[PDB]
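Visitor: experimental structure and sequence below, a few questions after.
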Amino acid sequence: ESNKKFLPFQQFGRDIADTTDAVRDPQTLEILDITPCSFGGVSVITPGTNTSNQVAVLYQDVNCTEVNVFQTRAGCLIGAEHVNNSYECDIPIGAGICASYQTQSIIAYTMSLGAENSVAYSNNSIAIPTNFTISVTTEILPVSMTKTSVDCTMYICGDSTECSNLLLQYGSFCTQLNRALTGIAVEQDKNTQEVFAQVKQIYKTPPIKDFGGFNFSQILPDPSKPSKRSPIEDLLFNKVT
Amino acid sequence: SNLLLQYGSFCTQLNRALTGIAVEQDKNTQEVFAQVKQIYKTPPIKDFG
Amino acid sequence: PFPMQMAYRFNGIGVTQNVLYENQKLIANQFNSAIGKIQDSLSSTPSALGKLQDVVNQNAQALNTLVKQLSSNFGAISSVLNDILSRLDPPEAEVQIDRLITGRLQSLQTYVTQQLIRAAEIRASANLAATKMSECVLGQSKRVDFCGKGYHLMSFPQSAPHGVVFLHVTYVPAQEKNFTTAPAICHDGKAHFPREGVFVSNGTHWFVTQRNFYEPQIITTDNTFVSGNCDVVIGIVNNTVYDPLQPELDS
Amino acid sequence: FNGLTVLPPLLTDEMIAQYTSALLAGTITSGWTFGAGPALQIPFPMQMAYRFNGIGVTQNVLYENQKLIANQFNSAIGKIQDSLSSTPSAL
Amino acid sequence: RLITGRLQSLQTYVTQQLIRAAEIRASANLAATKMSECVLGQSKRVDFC
Ligand SMILES: *[C@@H]1O[C@H](CO)[C@@H](O[C@@H]2O[C@H](CO)[C@@H](O)[C@H](O)[C@H]2NC(C)=O)[C@H](O)[C@H]1NC(C)=O
Ligand SMILES: *[C@@H]1O[C@H](CO)[C@@H](O[C@@H]2O[C@H](CO)[C@@H](O)[C@H](O)[C@H]2NC(C)=O)[C@H](O)[C@H]1NC(C)=O
Ligand SMILES: *[C@@H]1O[C@H](CO)[C@@H](O[C@@H]2O[C@H](CO)[C@@H](O)[C@H](O)[C@H]2NC(C)=O)[C@H](O)[C@H]1NC(C)=O
Ligand SMILES: *[C@@H]1O[C@H](CO)[C@@H](O[C@@H]2O[C@H](CO)[C@@H](O)[C@H](O)[C@H]2NC(C)=O)[C@H](O)[C@H]1NC(C)=O
Ligand SMILES: *[C@@H]1O[C@H](CO)[C@@H](O[C@@H]2O[C@H](CO)[C@@H](O)[C@H](O)[C@H]2NC(C)=O)[C@H](O)[C@H]1NC(C)=O
Ligand SMILES: *[C@@H]1O[C@H](CO)[C@@H](O)[C@H](O)[C@H]1NC(C)=O
Ligand SMILES: *[C@@H]1O[C@H](CO)[C@@H](O)[C@H](O)[C@H]1NC(C)=O
Ligand SMILES: *[C@@H]1O[C@H](CO)[C@@H](O)[C@H](O)[C@H]1NC(C)=O
């Protein structure tokens, strides 16, 4: 039942997107609003199957009354127990709510932004470091792709002459497809050259690795192995497949 | 739906792309704002000279 | 010499080179231990190379979907071109062949467009990597958090499959102690400011130390300069400023 | 409503504001140190003099003009406040 | 016919959204850099901040 104020001649309303939003009963002057039957996506929250087989189901953009039962701003959450605590976000659910597997069952909580701190600020106090540490961190950056070429003559038509004749009527779609793919392929080699080929000459470390105690054995190339890669490089090439 | 199933995996591609964009949005926000490790608080006495 | 180069790096980040020369064994041990722990960190956690693995996976998925798009009818009678060729005469099978051609061409165009977008993303990543090489490996960058979290000393490139790995060596202060500080001290009605450090007090005496390391020194006229009088600086304190020339004149 | 739905962002506006406040407090109470390691407290005029030293101006210039600098900073922040309150096309 | 038209429109929307998301990712990377190099430190890059 709707309170939309139709004019006495109007029969059915519409929204801003040109969708039938209301109708008038042919046998009664009553005004009926039309609302789509409740729908939404279904998201399943789970830890690894090696950990546990228990899962939680998130029904998106629907209240729990239209479907242990927690109502989040991201939808209705079923199977996860709300917890007053707060930890780091393990499984992002949304709207500040995360989930994790802890002592065991799945729990739902508000994510913790970090550890509270208050620097002891006054107007005549300073903190000065009496020591230090040397920190080495790792950064990984993709540099290139695999160069792929696709031929229409064999892809679209499987060695069929009639199909090739009919495809010839479409102009130069495939010529420019091949042109774009070749551009990408050349671009990848340009990427690699720009990154690595930044050195004019091939410099060599001295045969005596006397650098004042600093030891670069893990990053310098390994001569014993048939592949002249450092142990770290060997790990990197073994891990990535 | 039955006639649309004959067009292949267009839905899979489109939904995957949209989901990737949605995840990338949160990645962007985390990169911009979550740079700090601890939640620092200004002292109650606002004597900053 | 490498210790002298690392002392230059320490000067770059704001620490005097004597801090390095007097801690050379400790710094070398810390560097060796960190390099050793890099191997454990990379081996134990396989999610660090997730960037390269995800690039490979995305390209493989795109190719696999492109191949699987060949088994779709696209509204035609059958996906196999030979089947539709043999089953029906050309003048009627032409429309079905056209439907298949349109579907396959659209799939190829979609794959190509996704490839261009992903290639632009990879080119952005490669430009970032080239900039990192130039500014962190072939130099010492003062840009914050550009070559690791901390104060950048140096970084080492390592090749990876379709990628690059940077080992960012940084200086991180470790053990802090609170002191009492003053903006300036005035000795004979003249305000003295620290020339390249900060004034600190351990409770009774006043020293001048470098800002990034607690290495206190006696306040003299060689590490301070005179500007103005006692009446301008807010928070000025009283102290004696040593004059090395006075004992020379006395003796 | 045609299969077109919007997923809420993972970090709420309150959490973004909390990050921003943490960054502000760290900058004001510890300078640039907190972004490089442990946060080391320092009086704000002293780190302002550090910034002046970093742009090529001696510390005495800031210490002997501290009140003028503070007044200029406050006036500039107020002017930004007013400009944001006035012009709607800035964003 | 309706399926073909609607699928084409959806594909166009998704492609343009991917381009827009790439632009927004570039902007967010710039914003993260600005945070790191001007809130967490003093920058000597001219007109960067
Ligand atoms: C600065 O920190 C280092 C740690 O990196 C300290 O060196 C350690 O000293 C203890 C002595 O109690 C030894 O047992 C450790 O083996 C040392 N570690 C290393 C890696 O050598 C150093 O002593 C600290 N500096 C000061 C002045 O205390
Ligand atoms: C540089 O570090 C490597 C460790 O990666 C050292 O190699 C170790 O040498 C000791 C003694 O020779 C052995 O007990 C270890 O098993 C070796 N480890 C590895 C991984 O090979 C190497 O000796 C160091 N360089 C110098 C000059 O001391
Ligand atoms: C602050 O540092 C000074 C160093 O100049 C300390 O003075 C010395 O203290 C030791 C005690 O450990 C005495 O043996 C020396 O004779 C003192 N020398 C001078 C010149 O005073 C002072 O004690 C320190 N104050 C505090 C509170 O630690
Ligand atoms: C630093 O020393 C000077 C001189 O000893 C102090 O100046 C005195 O200030 C008081 C307070 O107004 C006056 O009553 C004295 O007459 C001043 N002395 C002289 C010789 O003029 C100054 O106060 C000291 N610094 C601080 C922070 O107290
Ligand atoms: C430097 O410029 C500042 C303005 O930013 C001057 O301060 C002003 O001085 C006038 C006097 O003519 C006062 O009416 C204003 O109230 C002051 N403004 C502030 C914010 O304090 C300052 O005098 C100038 N100094 C020199 C040496 O030229
Ligand atoms: C139509 O007929 C039904 C039953 O015969 C009656 O209830 C209803 O009021 C009628 N409506 C009109 C507009 O005549
Ligand atoms: C609860 O369900 C009603 C519909 O029955 C809906 O209007 C309301 O928004 C839901 N509550 C929340 C918090 O979303
Ligand atoms: C610091 O604050 C105290 C009281 O809060 C005050 O007595 C002192 O003068 C102040 N010093 C400076 C340099 O601001």
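Guide: Now that the structure is in, tell me what you want to look at. Numbers count the residues shown, from 1 in each chain, chains lettered A, B, ... in the order given. Ligands and ions are numbered 1, 2, ... in the order given.
Visitor: the residue in the stretch 51-200 of chain C positioned nearest to ligand 2 is in what secondary structure piece?
Guide: Per CB to the nearest ligand atom, residue C:167 is where the stretch 51-200 of chain C lies closest to ligand 2, at 14.2 Å. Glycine gets a C-beta too; all of them are placed from N, C-alpha and C. If you go by DSSP states H and E, residue C:167 is part of strand C:163-173.
Visitor: ditto for residue C:200
Guide: strand C:198-201.
Visitor: next: residue A:137.
Guide: Using DSSP H and E, residue A:137 falls in strand A:132-142.
Visitor: next secondary structure after that strand?
Guide: Following strand A:132-142 in sequence, per DSSP H and E, is helix A:152-155.
Visitor: and that following helix, which residues are buried?
Guide: Across helix A:152-155, burial judged by 16 or more other CB atoms under 10 Å in any protein chain shown covers A:152, A:155.
Visitor: near chain C at all, the following helix or strand past that helix?
Guide: Following helix A:152-155 in sequence order, the next helix or strand is helix A:161-167 (DSSP H and E). Yes. For helix A:161-167, a contact with chain C is found by CB under 8 Å from any CB of the partner chain, at A:162, A:163, A:166, A:167.
Visitor: helices or strands up against the one helix or strand residue C:109 maps to?
Guide: Element membership for residue C:109, per DSSP H and E: helix C:90-132. Applying 3 or more CB pairs under 8 Å, 6 or more residues apart in numbering or on different chains; DSSP states H and E, we find helix C:90-132 packed against strand A:132-142, helix A:152-155, helix A:161-167, helix A:173-196, helix C:50-68, helix C:81-87, helix E:2-38.
Visitor: may I have the second one as CSV, with CA atoms only?
Guide: Provided in CSV are the C-alpha atoms of helix A:152-155 (Å, rounded to 0.1, in the frame of the first residue of the first chain):
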residue,chain,number,x,y,z
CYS,A,152,43.1,-14.4,-36.8
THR,A,153,43.6,-16.5,-39.9
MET,A,154,43.9,-19.6,-37.6
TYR,A,155,42.1,-18.5,-34.4
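Visitor: helices and strands around it, which ones?
Guide: Going by 3+ CB pairs under 8 Å, 6+ apart, helix A:152-155 lies up against helix A:173-196, helix C:90-132.
Visitor: how many residues are close by residue C:178?
Guide: By other CB atoms under 10 Å in any protein chain shown, the residues close to residue C:178 number 14.
Visitor: hang on, the earlier thing: please identify which of the helices and strands packed on helix C:90-132 is closest to residue C:133.
Guide: In terms of CB to CB, the element of the helices and strands packed on helix C:90-132 nearest to residue C:133 is helix A:173-196, at 6.2 Å.
Visitor: and the next helix or strand past the closest one?
Guide: By DSSP H and E, the next helix or strand past helix A:173-196 is helix A:231-239.
Visitor: can that following helix be said to contact ligand 2?
Guide: No. Figure legend: helix A:231-239 not in contact with ligand 2 (CB under 6 Å from any ligand atom); closest approach 7.2 Å.
Visitor: please identify the deepest-packed of the helices and strands packed on helix A:152-155.
Guide: Mean neighbours per residue, mean count of other CB atoms under 10 Å in any protein chain shown, is largest over those for helix C:90-132, with a mean of 18.
Visitor: hmm, the strand holding residue A:137 touching chain C?
Guide: Yes. Remark: strand A:132-142 sits within contact range of chain C at A:132, A:133, A:134, A:135, A:136, A:137, A:138, A:139, A:140, A:141, A:142, by CB under 8 Å from any CB.
Visitor: now do stretch D:19-28
Guide: No. For stretch D:19-28, no contact with chain C is found by CB under 8 Å from any CB; the gap never falls below 12.1 Å.
Visitor: and the residue of chain A that's closest to ligand 1?
Guide: residue A:131 (3.7 Å).
Visitor: chain D contacts on the stretch 51-200 of chain C?
Guide: C:144-145, C:149-151, C:172-174, C:176, C:178, C:181, C:183-184, C:191, C:193-194, C:198.
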